[PDB]
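Below: one structure, written as structure tokens.
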Amino acid sequence: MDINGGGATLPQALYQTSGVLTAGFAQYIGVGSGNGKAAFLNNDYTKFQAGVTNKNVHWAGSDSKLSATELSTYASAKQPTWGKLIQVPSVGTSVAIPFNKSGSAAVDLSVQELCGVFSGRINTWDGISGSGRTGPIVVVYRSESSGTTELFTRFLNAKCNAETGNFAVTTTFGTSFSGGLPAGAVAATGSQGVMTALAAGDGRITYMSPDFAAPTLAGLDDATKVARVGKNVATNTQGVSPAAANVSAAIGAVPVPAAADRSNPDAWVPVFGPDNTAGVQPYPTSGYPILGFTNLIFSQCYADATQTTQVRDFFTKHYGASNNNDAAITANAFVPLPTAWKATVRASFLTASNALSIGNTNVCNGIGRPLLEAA
Ligand SMILES: O=P([O-])([O-])O
């Protein structure tokens, strides 16, 4: 019998790569970050497989952080019997801007053009300078509670200061902008469902996992298909692509979680945000600007000893110095964590004497998420 994870679609092809998940892990089920969080927090397998109730949920992938309410509800309802949850970064990621509008000219968005496209202010292809293109822009967005949406709206919230309204940080893009969606915007479900929709009408644009924004990695560098971001015509500056190499320096510069705050799951997930605001990292000035982390949610404790070992063995691989998942991470258009980040994750969640460690024989004595499923 296996343990069950799922959630965020942004990293699902990574978790579905052979060998990334270790022994005892069922194949990852991509359903969106909101569904993944709900699956874990409520131990509700139907959020992974509709109509299927005879399994427990053991972990989730999410690119949406746990909210204050999610955390407090779990702490009061579940932690006394199941133990503390763990929320940790998995990999760093860009957010790509694929589009379906032919032409050999490179599409290179200034940040303010990106803002105007997603606010509806710029709604024709000839409103993007240097595009070579004409006709209407149709924005495709995620219908459901999405961590890609959260990562993207953090950027819009930080940068888009010149619209007729403001972008809120949210998991539901349809309500992010206080002035509404652009006329004609199209909703679709999942990373893959959005990419299918992008192709279902001409002149469409979206925001997307770099692992799905192009069929091949090198395709992230094709500016006839995946927009460059960061143009500044006044200074004669080209934007760059969402390839992992263009966000990896910025990911690597993100500070490890503050030592005295490590018992708070919120402290483990870095977020980017507005400039000169303590507690959030500013978006990078160099390289590709739209980035963040995708995360993993586990329990510290499982009533079953085999489940506990299985989970530890995954952390040993995914956060290991050797025999790790970094090659697969890169192959999936993502950024590995540096050594000091891996070491910090291991020190809290693997090293046995740490109060936070998975399966700690003192802290987890007699407790943990259940073996059997109960209705
Ligand atoms: O699916 P997502 O990753 O949540 O966007």
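For the residues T148, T153, the requirement of being in contact with a strand residue (DSSP E or B) (Cβ under 9 Å, 6 or more places away or on another chain), hydroxyl-bearing (S, T, Y), within 12 Å of the ligand (Cβ to nearest atom) and under 15 Å from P274 (Cα atoms) singles out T153. Figure legend. Inter-residue proximity from segment 329-346: first residues outside the structural domain of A213 (by CATH) and more than 15 Å from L291 (Cα to Cα), second residues crowded, with 17+ Cβ neighbours inside 10 Å and among the aromatic types (F, W, Y), beta-carbon distance below 8 Å, spacing 6+ or different chains. Indicated pairs: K342/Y319; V345/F315; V345/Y319; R346/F315; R346/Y319. Scanning segment 5-52 for residues that are on the phi > 0 side of the Ramachandran plot and more than 16 Å from the ligand (Cβ to nearest atom) returns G19, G24, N43, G51. Looking across segment 170-214, the residues that are within 14 Å of the ligand (Cβ to nearest atom), part of a loop (DSSP other than H, G, I, E, B) and more than 22 Å from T124 (Cα to Cα) come down to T170, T171, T172, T189, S209, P210, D211, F212. Taking the listed residues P255, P284, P242, the one that is assigned to a loop (DSSP other than H, G, I, E, B) and under 17 Å from the mean Cα position of the chain (by Cα) is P242, with no other qualifying.
Restricting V88, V57 to residues that are crowded, with 24+ Cβ neighbours inside 10 Å, in contact (Cβ under 8 Å) with a residue 40 or more places away in the chain and not acidic (D, E) narrows the list to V57. Among the residues making up segment 260-284, those that are under 23 Å from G83 (Cα atoms) and surrounded by fewer than 17 Cβ atoms within 10 Å (Cβ to Cβ) are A260, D261, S263, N264, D266, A267. Can you tell me how many residues in segment 109-129 are away from the ligand (no atom under 16 Å from the Cβ) and either closer than 22 Å to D211 by Cβ or without any contact (Cβ under 8 Å) to a residue 60 or more places away in the chain (or both)? Going through segment 109-129 one residue at a time, the tally reaches 11.
All of this is worked out from the model, or read from it or from the source named; nothing here is a laboratory result. Heads up, the Cβs are rebuilt from the backbone with ideal geometry, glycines too, and the neighbour counts pull from every protein chain shown.
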